[PDB]
file coords03.txt (compact mmCIF, C-alpha atoms and all ligand atoms)
# COMPACT_ATOMS: atom_id res chain seq x y z
CA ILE A 1 -37.44 69.82 -30.80
CA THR A 2 -38.83 66.49 -29.58
CA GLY A 3 -39.37 63.86 -32.25
CA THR A 4 -38.33 60.67 -34.02
CA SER A 5 -34.74 60.33 -35.22
CA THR A 6 -34.45 59.45 -38.89
CA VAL A 7 -32.20 59.82 -41.92
CA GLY A 8 -32.74 62.12 -44.87
CA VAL A 9 -30.88 62.58 -48.14
CA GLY A 10 -29.60 65.70 -49.83
CA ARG A 11 -27.01 67.34 -52.03
CA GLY A 12 -24.24 69.57 -50.74
CA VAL A 13 -22.70 72.76 -52.11
CA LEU A 14 -20.42 70.84 -54.48
CA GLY A 15 -23.28 68.72 -55.81
CA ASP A 16 -22.41 65.54 -53.93
CA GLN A 17 -25.16 63.40 -52.44
CA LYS A 18 -25.01 62.51 -48.75
CA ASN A 19 -27.23 61.16 -45.99
CA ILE A 20 -27.94 63.41 -43.02
CA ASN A 21 -29.42 62.76 -39.59
CA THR A 22 -32.75 64.51 -39.09
CA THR A 23 -35.63 64.57 -36.62
CA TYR A 24 -39.29 64.08 -37.50
CA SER A 25 -42.12 65.98 -35.82
CA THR A 26 -44.67 67.14 -38.41
CA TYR A 27 -41.70 68.49 -40.39
CA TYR A 28 -38.26 66.94 -40.79
CA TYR A 29 -35.71 69.09 -38.97
CA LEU A 30 -31.96 69.37 -39.33
CA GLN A 31 -31.44 68.03 -35.83
CA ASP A 32 -29.00 65.16 -35.35
CA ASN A 33 -29.73 63.29 -32.11
CA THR A 34 -26.99 60.69 -32.64
CA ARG A 35 -24.12 62.93 -31.54
CA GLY A 36 -23.90 64.26 -27.99
CA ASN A 37 -26.66 66.67 -27.02
CA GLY A 38 -27.27 67.12 -30.73
CA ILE A 39 -26.26 69.02 -33.84
CA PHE A 40 -28.73 71.71 -34.91
CA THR A 41 -28.70 73.65 -38.16
CA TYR A 42 -30.62 76.89 -38.63
CA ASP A 43 -31.77 79.09 -41.50
CA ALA A 44 -30.71 82.73 -41.03
CA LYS A 45 -32.77 83.67 -44.11
CA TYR A 46 -30.26 86.25 -45.38
CA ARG A 47 -30.58 88.26 -42.15
CA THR A 48 -27.98 88.87 -39.44
CA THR A 49 -30.25 87.90 -36.55
CA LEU A 50 -29.07 84.68 -34.91
CA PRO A 51 -29.59 81.83 -34.82
CA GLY A 52 -32.66 82.09 -37.03
CA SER A 53 -35.12 79.22 -37.39
CA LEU A 54 -34.31 75.53 -36.92
CA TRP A 55 -34.22 74.13 -40.44
CA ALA A 56 -37.54 72.49 -41.33
CA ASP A 57 -38.24 70.44 -44.46
CA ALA A 58 -41.50 68.83 -45.57
CA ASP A 59 -40.20 65.61 -47.15
CA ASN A 60 -36.75 64.82 -45.71
CA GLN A 61 -35.18 65.33 -49.15
CA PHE A 62 -32.72 68.23 -49.46
CA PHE A 63 -31.97 68.67 -53.17
CA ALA A 64 -32.95 72.34 -53.58
CA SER A 65 -30.14 74.82 -54.21
CA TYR A 66 -31.22 76.72 -51.08
CA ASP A 67 -30.75 73.51 -49.05
CA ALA A 68 -27.14 72.87 -50.07
CA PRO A 69 -25.36 75.04 -47.48
CA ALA A 70 -27.51 73.56 -44.71
CA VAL A 71 -26.80 70.00 -45.82
CA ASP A 72 -23.04 70.54 -45.65
CA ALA A 73 -23.01 72.58 -42.44
CA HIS A 74 -25.04 69.83 -40.78
CA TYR A 75 -23.04 66.94 -42.22
CA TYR A 76 -19.57 68.37 -41.69
CA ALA A 77 -20.34 69.41 -38.11
CA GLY A 78 -21.08 65.72 -37.60
CA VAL A 79 -17.80 64.60 -39.18
CA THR A 80 -15.89 67.06 -37.01
CA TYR A 81 -17.66 65.80 -33.90
CA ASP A 82 -16.69 62.25 -34.89
CA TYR A 83 -13.06 63.25 -35.39
CA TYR A 84 -12.72 64.77 -31.93
CA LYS A 85 -14.57 61.89 -30.29
CA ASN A 86 -12.85 59.01 -32.09
CA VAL A 87 -9.34 60.45 -32.35
CA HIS A 88 -9.00 62.57 -29.20
CA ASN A 89 -11.70 61.12 -26.95
CA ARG A 90 -13.27 64.56 -26.65
CA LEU A 91 -17.06 64.84 -26.47
CA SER A 92 -18.01 67.93 -28.47
CA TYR A 93 -16.21 71.26 -28.09
CA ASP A 94 -16.64 71.64 -24.32
CA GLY A 95 -15.78 68.03 -23.56
CA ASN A 96 -19.26 67.45 -22.16
CA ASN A 97 -21.28 66.90 -25.35
CA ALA A 98 -22.47 70.48 -25.76
CA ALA A 99 -25.00 70.91 -28.57
CA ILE A 100 -23.46 72.17 -31.80
CA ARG A 101 -25.45 74.89 -33.56
CA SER A 102 -24.85 76.35 -37.02
CA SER A 103 -26.69 79.01 -39.00
CA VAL A 104 -26.45 79.22 -42.79
CA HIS A 105 -27.58 81.86 -45.29
CA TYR A 106 -26.23 84.53 -42.95
CA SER A 107 -26.63 88.01 -44.45
CA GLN A 108 -26.28 88.66 -48.19
CA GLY A 109 -23.15 87.90 -50.21
CA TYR A 110 -21.21 87.39 -46.98
CA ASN A 111 -17.68 86.15 -47.70
CA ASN A 112 -16.87 84.56 -44.37
CA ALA A 113 -17.79 82.04 -41.69
CA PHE A 114 -17.11 82.22 -37.98
CA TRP A 115 -17.59 80.87 -34.48
CA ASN A 116 -19.17 83.63 -32.42
CA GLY A 117 -18.59 82.15 -28.98
CA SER A 118 -21.95 80.38 -29.00
CA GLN A 119 -22.42 78.94 -32.49
CA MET A 120 -21.09 78.65 -36.03
CA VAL A 121 -22.24 81.09 -38.73
CA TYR A 122 -21.84 80.66 -42.51
CA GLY A 123 -22.26 83.22 -45.26
CA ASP A 124 -23.21 82.20 -48.81
CA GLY A 125 -20.32 84.09 -50.38
CA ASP A 126 -20.81 86.48 -53.30
CA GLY A 127 -20.44 83.73 -55.89
CA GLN A 128 -17.16 85.21 -57.13
CA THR A 129 -14.79 85.18 -54.17
CA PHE A 130 -16.63 82.40 -52.34
CA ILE A 131 -19.50 79.96 -52.78
CA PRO A 132 -21.37 78.90 -49.59
CA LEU A 133 -18.60 78.43 -47.02
CA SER A 134 -20.04 75.33 -45.35
CA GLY A 135 -19.06 73.46 -48.51
CA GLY A 136 -15.49 73.30 -47.28
CA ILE A 137 -14.85 70.64 -44.67
CA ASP A 138 -11.63 72.35 -43.58
CA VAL A 139 -13.57 75.60 -43.10
CA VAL A 140 -16.22 73.91 -40.96
CA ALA A 141 -13.60 72.12 -38.87
CA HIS A 142 -11.54 75.32 -38.62
CA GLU A 143 -14.50 77.17 -37.11
CA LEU A 144 -15.58 74.39 -34.74
CA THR A 145 -11.99 74.13 -33.54
CA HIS A 146 -12.24 77.75 -32.37
CA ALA A 147 -14.92 76.45 -30.00
CA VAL A 148 -12.53 73.80 -28.68
CA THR A 149 -9.84 76.43 -28.16
CA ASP A 150 -12.27 78.76 -26.37
CA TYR A 151 -13.09 76.02 -23.86
CA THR A 152 -9.49 74.99 -23.31
CA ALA A 153 -6.47 77.25 -23.79
CA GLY A 154 -8.68 80.30 -24.32
CA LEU A 155 -6.12 82.01 -26.56
CA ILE A 156 -6.92 85.73 -26.85
CA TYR A 157 -7.73 86.72 -30.44
CA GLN A 158 -4.92 89.26 -30.75
CA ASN A 159 -1.24 89.35 -31.71
CA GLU A 160 0.75 86.14 -31.23
CA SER A 161 -1.83 84.35 -29.10
CA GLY A 162 -4.40 85.10 -31.79
CA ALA A 163 -2.08 83.79 -34.50
CA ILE A 164 -1.72 80.55 -32.54
CA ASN A 165 -5.50 80.43 -32.18
CA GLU A 166 -5.85 80.72 -35.97
CA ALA A 167 -3.10 78.19 -36.72
CA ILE A 168 -4.66 75.63 -34.38
CA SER A 169 -7.92 75.96 -36.32
CA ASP A 170 -6.12 75.53 -39.66
CA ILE A 171 -4.15 72.56 -38.33
CA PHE A 172 -7.16 70.67 -37.04
CA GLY A 173 -9.29 71.83 -39.95
CA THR A 174 -6.78 70.08 -42.19
CA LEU A 175 -6.53 66.99 -40.01
CA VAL A 176 -10.30 66.62 -40.20
CA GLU A 177 -10.12 66.96 -43.98
CA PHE A 178 -7.66 64.04 -43.98
CA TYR A 179 -9.85 62.13 -41.52
CA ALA A 180 -12.80 62.35 -43.92
CA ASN A 181 -10.43 61.56 -46.80
CA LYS A 182 -12.15 64.24 -48.89
CA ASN A 183 -9.47 65.14 -51.47
CA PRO A 184 -7.12 66.03 -48.57
CA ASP A 185 -4.36 68.61 -48.89
CA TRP A 186 -2.51 71.18 -46.79
CA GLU A 187 -4.39 74.13 -48.29
CA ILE A 188 -7.23 76.01 -46.59
CA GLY A 189 -10.64 76.60 -48.15
CA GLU A 190 -9.77 75.39 -51.64
CA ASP A 191 -13.21 73.84 -52.16
CA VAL A 192 -15.18 77.06 -51.71
CA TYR A 193 -12.70 79.76 -52.73
CA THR A 194 -12.84 81.43 -56.16
CA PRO A 195 -14.99 78.95 -58.13
CA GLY A 196 -13.76 80.52 -61.37
CA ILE A 197 -10.11 79.86 -60.51
CA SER A 198 -8.75 76.35 -60.01
CA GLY A 199 -5.67 75.40 -58.01
CA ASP A 200 -5.79 78.22 -55.47
CA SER A 201 -6.91 78.58 -51.86
CA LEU A 202 -7.27 81.08 -49.02
CA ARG A 203 -4.11 80.00 -47.21
CA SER A 204 -1.43 77.37 -47.68
CA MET A 205 0.15 75.45 -44.82
CA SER A 206 2.78 73.80 -47.02
CA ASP A 207 3.91 77.13 -48.46
CA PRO A 208 2.31 80.16 -46.74
CA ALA A 209 4.41 82.54 -48.84
CA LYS A 210 2.51 81.44 -51.94
CA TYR A 211 -0.16 83.93 -50.87
CA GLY A 212 2.12 86.42 -49.16
CA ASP A 213 1.93 85.01 -45.64
CA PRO A 214 5.13 84.69 -43.55
CA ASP A 215 6.88 81.33 -43.31
CA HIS A 216 9.55 82.45 -40.85
CA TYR A 217 9.47 84.50 -37.63
CA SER A 218 11.78 87.14 -39.12
CA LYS A 219 9.00 87.95 -41.59
CA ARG A 220 6.25 88.30 -39.00
CA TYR A 221 3.75 91.13 -39.39
CA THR A 222 4.02 93.68 -36.57
CA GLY A 223 1.21 96.03 -37.57
CA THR A 224 -2.27 96.47 -36.11
CA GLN A 225 -4.43 95.25 -39.00
CA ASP A 226 -6.26 91.93 -38.63
CA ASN A 227 -6.00 92.16 -34.83
CA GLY A 228 -2.23 92.18 -35.09
CA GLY A 229 -2.09 89.81 -38.05
CA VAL A 230 -3.85 86.77 -36.61
CA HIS A 231 -4.59 85.33 -40.08
CA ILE A 232 -1.18 86.41 -41.38
CA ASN A 233 1.31 85.30 -38.73
CA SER A 234 -0.53 81.99 -38.43
CA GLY A 235 1.50 81.03 -41.49
CA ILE A 236 4.60 80.73 -39.32
CA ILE A 237 2.93 78.13 -37.11
CA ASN A 238 1.14 76.42 -39.99
CA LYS A 239 4.48 75.91 -41.73
CA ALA A 240 5.97 74.46 -38.55
CA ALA A 241 3.04 72.05 -38.27
CA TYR A 242 3.41 71.03 -41.91
CA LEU A 243 7.12 70.35 -41.38
CA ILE A 244 6.50 68.31 -38.23
CA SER A 245 4.09 66.08 -40.14
CA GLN A 246 5.58 65.91 -43.63
CA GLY A 247 9.19 66.86 -43.03
CA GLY A 248 11.43 68.83 -45.36
CA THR A 249 14.18 71.41 -45.42
CA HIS A 250 13.19 75.02 -44.79
CA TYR A 251 15.72 77.87 -44.77
CA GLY A 252 18.52 75.32 -44.56
CA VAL A 253 17.05 73.46 -41.58
CA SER A 254 16.07 69.82 -42.13
CA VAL A 255 13.09 68.25 -40.39
CA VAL A 256 12.22 64.55 -40.30
CA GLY A 257 8.46 64.16 -40.64
CA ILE A 258 6.58 62.12 -38.04
CA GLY A 259 3.15 61.99 -39.66
CA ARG A 260 -0.28 63.59 -39.25
CA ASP A 261 -1.49 61.36 -36.42
CA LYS A 262 1.40 62.28 -34.14
CA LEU A 263 1.12 65.94 -35.17
CA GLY A 264 -2.49 65.87 -34.02
CA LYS A 265 -1.68 64.16 -30.74
CA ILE A 266 1.12 66.60 -29.94
CA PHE A 267 -0.89 69.73 -30.71
CA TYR A 268 -4.06 68.52 -29.03
CA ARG A 269 -2.12 67.86 -25.83
CA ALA A 270 -0.40 71.24 -26.06
CA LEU A 271 -3.76 72.94 -26.57
CA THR A 272 -5.58 71.19 -23.73
CA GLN A 273 -2.79 70.90 -21.17
CA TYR A 274 -0.16 73.62 -21.59
CA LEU A 275 -1.35 76.66 -23.52
CA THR A 276 -2.93 79.64 -21.77
CA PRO A 277 -4.86 82.73 -22.95
CA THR A 278 -1.71 84.82 -23.46
CA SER A 279 0.70 82.19 -24.79
CA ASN A 280 3.10 83.49 -27.44
CA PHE A 281 5.03 81.63 -30.15
CA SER A 282 7.97 80.84 -27.88
CA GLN A 283 5.60 79.37 -25.30
CA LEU A 284 3.85 77.31 -27.98
CA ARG A 285 7.22 75.81 -28.87
CA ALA A 286 7.81 74.91 -25.22
CA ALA A 287 4.30 73.48 -24.96
CA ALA A 288 4.76 71.37 -28.10
CA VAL A 289 8.13 70.08 -26.93
CA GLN A 290 6.73 69.19 -23.52
CA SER A 291 3.75 67.46 -25.12
CA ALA A 292 5.95 65.38 -27.41
CA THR A 293 8.10 64.58 -24.38
CA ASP A 294 5.09 63.42 -22.35
CA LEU A 295 3.94 61.18 -25.20
CA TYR A 296 7.16 59.85 -26.72
CA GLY A 297 10.06 60.56 -24.36
CA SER A 298 12.70 63.29 -24.18
CA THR A 299 15.12 61.40 -26.45
CA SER A 300 12.50 60.48 -29.06
CA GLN A 301 12.56 61.32 -32.76
CA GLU A 302 9.22 63.04 -32.19
CA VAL A 303 10.71 65.59 -29.79
CA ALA A 304 13.66 66.12 -32.12
CA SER A 305 11.36 66.87 -35.06
CA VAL A 306 9.28 69.34 -33.07
CA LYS A 307 12.44 71.23 -32.12
CA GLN A 308 13.75 71.17 -35.70
CA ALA A 309 10.46 72.45 -37.11
CA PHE A 310 10.33 75.44 -34.79
CA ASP A 311 14.02 76.13 -35.44
CA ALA A 312 13.25 76.09 -39.17
CA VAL A 313 10.63 78.84 -38.78
CA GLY A 314 12.81 80.83 -36.40
CA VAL A 315 10.82 80.36 -33.20
CA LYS A 316 13.07 79.90 -30.16
CA CA A 401 -37.36 68.88 -49.17
CA CA A 402 -9.04 69.41 -50.24
CA CA A 403 -7.98 71.88 -47.53
CA CA A 404 -10.61 78.56 -56.60
ZN ZN A 405 -10.30 81.26 -37.53
call {"tool": "encode", "arguments": {"input": "coords03.txt", "output": "structure tokens"}}
result
Amino acid sequence: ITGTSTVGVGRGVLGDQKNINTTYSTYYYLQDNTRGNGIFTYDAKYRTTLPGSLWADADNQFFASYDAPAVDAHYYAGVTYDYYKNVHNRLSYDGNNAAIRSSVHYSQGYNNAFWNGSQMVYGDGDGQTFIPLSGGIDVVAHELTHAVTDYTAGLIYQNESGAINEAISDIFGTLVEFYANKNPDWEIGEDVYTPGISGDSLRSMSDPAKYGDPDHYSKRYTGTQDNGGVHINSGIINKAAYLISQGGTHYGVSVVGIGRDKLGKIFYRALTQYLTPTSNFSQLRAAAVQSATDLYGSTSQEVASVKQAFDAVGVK
């Protein structure tokens, strides 16, 4: 809507206070005009109809429990936009400042969040398995990254290409978590997963096997469930990414870590310049090696580490 840009205050899912950009026109709306064509957050009111109604508030204060998921979805979409703009010089997910829209309170007891090709959608969780999913910055960044992938490589959500699609979202979801310096780690969804159990997460990039996910190509899932194991086989790529950044010895293969910043630069270039809709693991390796070569030279330590990491997870 058309109005005056202002700043409100609220509390997120985890009870932390934060300032959020809003727009005033009779009501205060969750519309951030400071980033690209804007960030808009909607209330799905427990229904499955999208996007719902643009979030309206009477006093620009968002401290009600019902407001929490909206506060975080709005705020973290902003942080993710900042990450892509400041670190990769990319304006929004399409590279042309496309408006970012999110709907919260989707359905009832919905234990998931997703990018549907047009916008982000967040369930509130059932309170046991998950609490409102927008409370996890890595989750928000994971989903928005699917938008970036859709507009670039266009990886099909099936089999190996789908696993790469998922891994890319986990990788950048984690890099954004580090960017915001919000208790960063290499785990996925730890802030909103199982509130009654501490120390766990949905997936682990440092050790995928901790939750039963493969950490080597020889252990890849070849079934048909989960669209060919897109959330399962992603562990193979996630482990490779973790090794490239942090280093370590995996299955007898040693990798010298090159850091998170270079990891991000290498994968962003691979994603935007070399990957295609049907790229498989072997092609991702080639794309990553070529990207590191473009950026640091064929005889660089960076290229060596990328090769070692993929060798460690068995991807030739
Ligand atoms: Ca209010
Ligand atoms: Ca964390
Ligand atoms: Ca995390
Ligand atoms: Ca937990
Ligand atoms: Zn995903």
call {"tool": "closest_residue", "arguments": {"input": "coords03.txt", "among": "A:298, A:233, A:31, A:194", "to": "ligand CA 404 (chain A)", "atoms": "only C-alpha atoms and all ligand atoms"}}
result
A:194
call {"tool": "residues_near_ligand", "arguments": {"input": "coords03.txt", "ligand": "ligand ZN 405 (chain A)", "cutoff": "6 Å", "atoms": "all atoms listed in the file", "output": "count of residues only"}}
result
3
call {"tool": "residues_around", "arguments": {"input": "coords03.txt", "residues": "residue 214 in chain A", "least_positions_apart": "5", "cutoff": "7 Å", "atoms": "all atoms listed in the file", "output": "MDAnalysis selection string"}}
result
chainID A and resid 208:209 219:220 232:233 235:236
call {"tool": "atom_distance", "arguments": {"input": "coords03.txt", "atom1": "CA of residue 67 in chain A", "atom2": "CA of residue 183 in chain A"}}
result
23.0 Å
call {"tool": "residues_around", "arguments": {"input": "coords03.txt", "residues": "residue 13 in chain A", "least_positions_apart": "6", "cutoff": "7 Å", "atoms": "only C-alpha atoms", "output": "PyMOL selection string"}}
result
chain A and resi 68-69+72+132+135
call {"tool": "write_last_selection", "arguments": {"input": "coords03.txt", "atoms": "C-alpha atoms", "output": "short mmCIF file (atom, residue, chain, number, x, y, z; two decimals), keeping the file's coordinate frame"}}
result
data_model
loop_
_atom_site.label_atom_id
_atom_site.label_comp_id
_atom_site.auth_asym_id
_atom_site.auth_seq_id
_atom_site.Cartn_x
_atom_site.Cartn_y
_atom_site.Cartn_z
CA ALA A 68 -27.14 72.87 -50.07
CA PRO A 69 -25.36 75.04 -47.48
CA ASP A 72 -23.04 70.54 -45.65
CA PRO A 132 -21.37 78.90 -49.59
CA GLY A 135 -19.06 73.46 -48.51
#
call {"tool": "residues_near_ligand", "arguments": {"input": "coords03.txt", "ligand": "ligand CA 404 (chain A)", "cutoff": "10 Å", "atoms": "all atoms listed in the file", "output": "PDB file with C-alpha atoms, in the coordinates of the input"}}
result
ATOM      1  CA  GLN A 128     -17.160  85.210 -57.130  1.00  0.00           C
ATOM      2  CA  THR A 129     -14.790  85.180 -54.170  1.00  0.00           C
ATOM      3  CA  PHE A 130     -16.630  82.400 -52.340  1.00  0.00           C
ATOM      4  CA  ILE A 131     -19.500  79.960 -52.780  1.00  0.00           C
ATOM      5  CA  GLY A 189     -10.640  76.600 -48.150  1.00  0.00           C
ATOM      6  CA  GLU A 190      -9.770  75.390 -51.640  1.00  0.00           C
ATOM      7  CA  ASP A 191     -13.210  73.840 -52.160  1.00  0.00           C
ATOM      8  CA  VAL A 192     -15.180  77.060 -51.710  1.00  0.00           C
ATOM      9  CA  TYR A 193     -12.700  79.760 -52.730  1.00  0.00           C
ATOM     10  CA  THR A 194     -12.840  81.430 -56.160  1.00  0.00           C
ATOM     11  CA  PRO A 195     -14.990  78.950 -58.130  1.00  0.00           C
ATOM     12  CA  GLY A 196     -13.760  80.520 -61.370  1.00  0.00           C
ATOM     13  CA  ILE A 197     -10.110  79.860 -60.510  1.00  0.00           C
ATOM     14  CA  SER A 198      -8.750  76.350 -60.010  1.00  0.00           C
ATOM     15  CA  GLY A 199      -5.670  75.400 -58.010  1.00  0.00           C
ATOM     16  CA  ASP A 200      -5.790  78.220 -55.470  1.00  0.00           C
ATOM     17  CA  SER A 201      -6.910  78.580 -51.860  1.00  0.00           C
ATOM     18  CA  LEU A 202      -7.270  81.080 -49.020  1.00  0.00           C
TER      19      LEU A 202
END
call {"tool": "residues_near_point", "arguments": {"input": "coords03.txt", "point": "(-4.9, 57.5, -43.4)", "cutoff": "9 Å", "atoms": "only C-alpha atoms", "output": "MDAnalysis selection string"}}
result
chainID A and resid 178:179 181 260:261
call {"tool": "residues_around", "arguments": {"input": "coords03.txt", "residues": "residue 231 in chain A", "least_positions_apart": "5", "cutoff": "9 Å", "atoms": "all atoms listed in the file", "output": "JSON, numbers by chain"}}
result
{"A": [162, 163, 166, 167, 203, 213, 226]}
call {"tool": "residues_near_ligand", "arguments": {"input": "coords03.txt", "ligand": "ligand CA 403 (chain A)", "cutoff": "8 Å", "atoms": "all atoms listed in the file", "output": "PyMOL selection string"}}
result
chain A and resi 136-138+173-174+177+183-191
call {"tool": "residues_near_ligand", "arguments": {"input": "coords03.txt", "ligand": "ligand CA 401 (chain A)", "cutoff": "6 Å", "atoms": "all atoms listed in the file", "output": "list in words"}}
result
residues 57, 58, 59, 60, 61 and 62 of chain A
call {"tool": "atom_distance", "arguments": {"input": "coords03.txt", "atom1": "CA of residue 66 in chain A", "atom2": "CA of residue 125 in chain A"}}
result
13.2 Å
call {"tool": "residues_near_point", "arguments": {"input": "coords03.txt", "point": "(3.6, 58.1, -41.5)", "cutoff": "12 Å", "atoms": "all atoms listed in the file", "output": "list in words"}}
result
residues 244, 245, 246, 247, 256, 257, 258, 259, 260, 261, 262, 263 and 302 of chain A
call {"tool": "write_last_selection", "arguments": {"input": "coords03.txt", "atoms": "C-alpha atoms", "output": "PDB file, in the coordinates of the input"}}
result
ATOM      1  CA  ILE A 244       6.500  68.310 -38.230  1.00  0.00           C
ATOM      2  CA  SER A 245       4.090  66.080 -40.140  1.00  0.00           C
ATOM      3  CA  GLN A 246       5.580  65.910 -43.630  1.00  0.00           C
ATOM      4  CA  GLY A 247       9.190  66.860 -43.030  1.00  0.00           C
ATOM      5  CA  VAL A 256      12.220  64.550 -40.300  1.00  0.00           C
ATOM      6  CA  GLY A 257       8.460  64.160 -40.640  1.00  0.00           C
ATOM      7  CA  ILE A 258       6.580  62.120 -38.040  1.00  0.00           C
ATOM      8  CA  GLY A 259       3.150  61.990 -39.660  1.00  0.00           C
ATOM      9  CA  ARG A 260      -0.280  63.590 -39.250  1.00  0.00           C
ATOM     10  CA  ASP A 261      -1.490  61.360 -36.420  1.00  0.00           C
ATOM     11  CA  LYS A 262       1.400  62.280 -34.140  1.00  0.00           C
ATOM     12  CA  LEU A 263       1.120  65.940 -35.170  1.00  0.00           C
ATOM     13  CA  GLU A 302       9.220  63.040 -32.190  1.00  0.00           C
TER      14      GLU A 302
END
call {"tool": "atom_distance", "arguments": {"input": "coords03.txt", "atom1": "CA of residue 142 in chain A", "atom2": "CA of residue 295 in chain A"}}
result
24.9 Å
